[PDB]
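Last residue of the sequence shown? That's 160 in the deposited numbering, and every number before it is there in order. The beta-carbon is built from N, C-alpha and C at its ideal position, and this holds for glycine as well. Report on the following structure.
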Amino acid sequence: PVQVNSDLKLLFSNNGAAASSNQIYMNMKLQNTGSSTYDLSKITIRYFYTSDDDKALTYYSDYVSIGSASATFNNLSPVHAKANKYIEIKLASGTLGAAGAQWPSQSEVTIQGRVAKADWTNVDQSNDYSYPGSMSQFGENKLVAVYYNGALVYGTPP
Numbered sequence: 003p004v005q006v007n008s009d010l011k012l013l014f015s016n017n018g019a020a021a022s023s024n025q026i027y028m029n030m031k032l033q034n035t036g037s038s039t040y041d042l043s044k045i046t047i048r049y050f051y052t053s054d055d056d057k058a059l060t061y062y063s064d065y066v067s068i069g070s071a072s073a074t075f076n077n078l079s080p081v082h083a084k085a086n087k088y089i090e091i092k093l094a095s096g097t098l099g100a101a102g103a104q105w106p107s108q109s110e111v112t113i114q115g116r117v118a119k120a121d122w123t124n125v126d127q128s129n130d131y132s133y134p135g136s137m138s139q140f141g142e143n144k145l146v147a148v149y150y151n152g153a154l155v156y157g158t159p160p
């Protein structure tokens, strides 16, 4: 859809994960480059993917630099060649402060999460819309979408 203006930017990495992986890696830094402040409880992030066959997935919240994160797995509609589902990550609390503001205000938040099945089985990410290939270092992954109060602020949904 239409991307509403904001000063929000997403950096993404996956620990250099290959298309064939034991789990999905999502390491994200959401930055505020401007002078506004943003309420993290209003941020959602979607990582779009294709479900093998509706096997049960679990989201693991390894690290969140401000507040906490939780995830749901959801059907995507309409379906895309590379996605029939999305993970939605919601941040619970805290504030993205203005860029340059004094500690302990912070203008970015780091979110590190993993998605895995329970049955020991691996993931083929070559079929996941949001999988950008191997990204060891934080870079642009425009295939992950960020919303503020439900409005698209970053990335390109399927």
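Buried versus exposed call for residue i [16 or more other C-beta atoms within 10 Å across all chains shown]
i      : result
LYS57  : exposed
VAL146 : buried
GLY99  : buried
Cut-off 7 Å between Cβ atoms - residues of its own chain near residue i, not counting five sequence neighbours on either side
i      : result
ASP126 : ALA21 and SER22
Per-residue DSSP class, three states only, for residue i
i      : result
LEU42  : helix
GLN104 : coil
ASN29  : strand
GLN139 : coil
Whole-number beta carbon distance between residue j and residue i, since they are thought to touch under 8 Å
i     : j      : result
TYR65 : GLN114 : 4 Å
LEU10 : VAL155 : 5 Å
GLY18 : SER107 : Rounded, the Cβ-Cβ distance is 32 Å, inconsistent with contact.
Cα-Cα separation between residue i and residue j, rounded to whole angstroms
i           : j     : result
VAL117      : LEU59 : 7 Å
residue 165 : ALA71 : Any property of residue 165 remains undetermined from this structure, which presents the chain solely from 3 to 160.
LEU32       : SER15 : 12 Å
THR35       : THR97 : 14 Å
Own chain partners of residue i with C-beta closer than 8 Å, once the 5 adjacent residues on each side are dropped
i      : result
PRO160 : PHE50, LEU78, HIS82, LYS84, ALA85 and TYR131
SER136 : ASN16, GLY18, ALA19 and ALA20
Same chain, Cβ closer than 6 Å to residue i, neighbours up to 5 away in sequence not counted
i      : result
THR112 : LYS31 and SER67
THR46  : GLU90, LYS92 and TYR149
Residue-chain proximity (residue i, chain B), Cβ-Cβ < 8 Å
i     : result
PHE14 : Note that chain B does not occur in the displayed structure, where there is just one protein chain.
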